[PDB]
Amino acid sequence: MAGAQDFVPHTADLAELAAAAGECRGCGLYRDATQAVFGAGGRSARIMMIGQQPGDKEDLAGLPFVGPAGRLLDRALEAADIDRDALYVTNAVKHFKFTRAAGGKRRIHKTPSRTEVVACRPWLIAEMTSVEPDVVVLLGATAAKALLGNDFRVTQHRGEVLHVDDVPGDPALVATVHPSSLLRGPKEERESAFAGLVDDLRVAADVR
């Protein structure tokens, strides 16, 4: 009766799950978005990565992390010697929540409410039980709070391997900055922040 749960089929197959998510009406976000954007990768992945939501490029590509934030993430993964093809990557919510400004060059993402995050979380649980990752990288506040609690502060736990007792399979969790946050700002601050993202990715990759 709650959120996305009745839309989630009783299967761990990622292709089946993604097809079903295309029909989800578990919150209001399906209405204005072009399509649901499920995760990408396969069930043998040892590392799962979760962002906030599909953005403007992802909403139309049908794949996660294809825009500028995704290209920065690719650069950080390469510096961390992680092959993106070996990951399962997804987002805490699966429809793009957005507005447009007059004169704007893109659709502008808006923050999912906690209500929307909780509504969509059945998909994330299905992905986690399907993939059985050894470690989950939480990119940004929305994703981290989805699993660690609404009060959790990414800025206060950088570099730490976390484990919480009601996440399925008890994977390690590593919460880090979202790559979109490193696209703008002073040069020295962007460079320090990028190095910190590489460090956190390496923490995740060194898990068992």
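Throughout, we count residues from 1 along the sequence that is shown.
> If you average the Cα B factors in the entry, which is higher, 160-168 or 47-55?
Mean C-alpha B-factor is greater for 160-168.
> Which is higher on mean Cα B factor in this entry, 137-145 or 151-159?
The stretch with the larger mean CA B-factor is 151-159.
> Tell me which of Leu173, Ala36, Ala61, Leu183 tops the list for C-alpha B factor in the record.
Answer, based on the entry's C-alpha B-factors: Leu183.
> Between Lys97, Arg75, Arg84, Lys94, which one tops the list for Cα B-factor in this entry?
Highest C-alpha B-factor among the listed options: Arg84.
> Would you please rank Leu124 by its C-alpha temperature factor against the other modelled residues of its chain and give the third it falls in: lowest, middle or highest?
It belongs to the middle third of the chain when residues are ordered by C-alpha B-factor.
> Can you tell me whether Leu197 has a C-alpha B-factor in the lowest, middle or highest third compared with the other modelled residues of the same chain?
Lowest third - that is where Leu197 ends up once the chain's C-alpha B-factors are sorted.
> Ranked by Cα temperature factor within the chain, is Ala79 in the lowest third, the middle third or the highest third?
Highest third.
> Can you tell me which third, lowest, middle or highest, the CA B-factor of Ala12 falls into for its chain?
Top third by C-alpha B-factor.
> Looking at the entry's B-factor column for C-alpha atoms only, identify whether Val118 ranks in the lowest, middle or highest third of its chain.
Ranked within chain, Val118 CA B lands in the middle tercile.
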